[PDB]
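Peer 1: Structure provided below as structure tokens; questions to follow.
Note: ideal-geometry Cβ built from the backbone for every residue, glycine included; neighbour counts use all protein chains shown. Every number in this text was worked out from the coordinates using simple rules, so none of it is lab data.
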Amino acid sequence: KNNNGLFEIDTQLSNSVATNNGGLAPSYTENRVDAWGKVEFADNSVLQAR
Amino acid sequence: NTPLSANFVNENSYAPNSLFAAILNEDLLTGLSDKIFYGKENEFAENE
């Protein structure tokens with residue numbers, strides 16, 4: 001990862017990207033900030049409230 | 001014209017004897033690590 005002009009290893013992102021499980025791309029996990037960040041959906045009760 | 005070149009140094013000033021102003025790499029001042037590590041490349045010769 002480039003840090004203000006100097007590249008340094010990112011060990012968490014390295015592990016995130018390298019965890020592809022034999023697929024072509026990094027795994028998605030719902031409860032983890034992985035290579036795909038983390039996505040929490042709103043509950044369906046958002047439609048009534050708003 | 002190239003850095004680290006000056007083989008002769010005399011002694012250091014009593015007081016400020018120059019004006020000075022400069023432009024800084026604000027990015028590199030943010031990017032540099034907290035701890036500087038020197039080594040044997042900055043030591044004086046162990047014997048003559």
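Peer 1: Checking the condition more than 30 Å from B:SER33 (Cα to Cα) and more than 14 Å from every other protein chain (Cβ to nearest Cβ), which residue from A:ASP34, A:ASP43 passes? Walk me through how you get there before you give the answer.
Peer 2: Details: A:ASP34 fails: more than 30 Å from B:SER33 (Cα to Cα).
Just a single option satisfies the conditions, and that option is A:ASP43.
Peer 1: Let me ask another. Of the conditions (1) within 14 Å of another protein chain (Cβ to nearest Cβ); (2) within 17 Å of the chain's Cα centre (by Cα), B:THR30 fails just one. Which one is it?
Peer 2: (2)
Peer 1: B:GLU46: more than 14 Å from chain A (Cβ to nearest Cβ), of a type in the set (D, E, K, R) and loosely packed, with under 10 Cβ neighbours inside 10 Å, yes or no? Talk me through it step by step, then tell me what you get.
Peer 2: On the way: more than 14 Å from chain A (Cβ to nearest Cβ): yes; of a type in the set (D, E, K, R): yes; loosely packed, with under 10 Cβ neighbours inside 10 Å: yes.
Yes: the conditions hold for B:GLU46.
Peer 1: Looking at chain A only, could you name the residues that are in a loop (DSSP other than H, G, I, E, B) and in contact with a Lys or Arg (Cβ under 9 Å, 6 or more places away or on another chain)?
Peer 2: Looking only at chain A, we keep the residues that are in a loop (DSSP other than H, G, I, E, B), and these are A:1, A:4-5, A:8-10, A:19-33, A:35-36, A:38-45, A:50.
Correct list: A:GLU8, A:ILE9, A:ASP10, A:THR29, A:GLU30, A:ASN31, A:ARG32, A:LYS38.
Peer 1: Among all residue pairs at least 6 apart or on different chains, which show Cβ distances below 7 Å where the first residue, located in the range A:2-13, is closer than 22 Å to B:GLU26 by Cα and the second is hydroxyl-bearing (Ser, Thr, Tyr)?
Peer 2: Correct list of pairs: A:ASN4/B:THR30.
Peer 1: Restricting the search to the range A:14-50, which residues are over 30 Å from B:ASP27 (Cα atoms) and surrounded by 10 or more Cβ atoms within 10 Å (Cβ to Cβ)?
Peer 2: Listed by number, the residues that qualify are A:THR19, A:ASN20, A:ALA25, A:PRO26, A:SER27, A:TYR28, A:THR29, A:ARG32.
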